[PDB]
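For the record, in the sequence shown the residue sitting at position 13 is 937 according to this note's numbering, with numbers rising by one throughout. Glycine included, C-beta positions come from ideal geometry on N, C-alpha and C.
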Amino acid sequence: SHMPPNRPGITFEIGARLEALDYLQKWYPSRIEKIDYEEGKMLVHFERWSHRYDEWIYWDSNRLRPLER
Ligand SMILES: CN1CC=C(c2ccc(O)cc2)CC1
């Protein structure tokens with residue numbers, strides 16, 4: 925088990941915020957809910973929405989983008 929590779933503007937830690945594309949192809953402010961280090965993916969929670977919408981997204985996915993800062 926190894927750490928997620930570095931990506932600009934994203935911190936791969938629980939509770940860290942970012943923006944993510946949901947399955948309906950729209951971007952939302954989101955937070956990292958869980959990290960699966962073996963599979964290289966994380967469970968993304970879309971802020972304001974039910975946790976039933978949380979999605980597993982691989983840590984290298986272009987469905988993730990950092991917040992503009
Ligand atoms: C993170 N995604 C946000 C919005 C969702 C949604 C919006 C409208 C609708 O009819 C059905 C689903 C899905 C979860």
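Determine the extent of the beta strand (DSSP E) in which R955 is found, giving its start and end residues. 951-960
For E957 and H969, the rounded distance between their alpha carbons: 6 Å
Does DSSP put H975 in a helix, in a strand, or in coil? helix
Just the C-alpha distance for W983 and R972, rounded to the nearest angstrom, thanks. 22 Å
C-beta neighbour in chain D for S985, strict 9 Å: Annotation note: the requested chain D is absent from the structure, which comprises a single protein chain.
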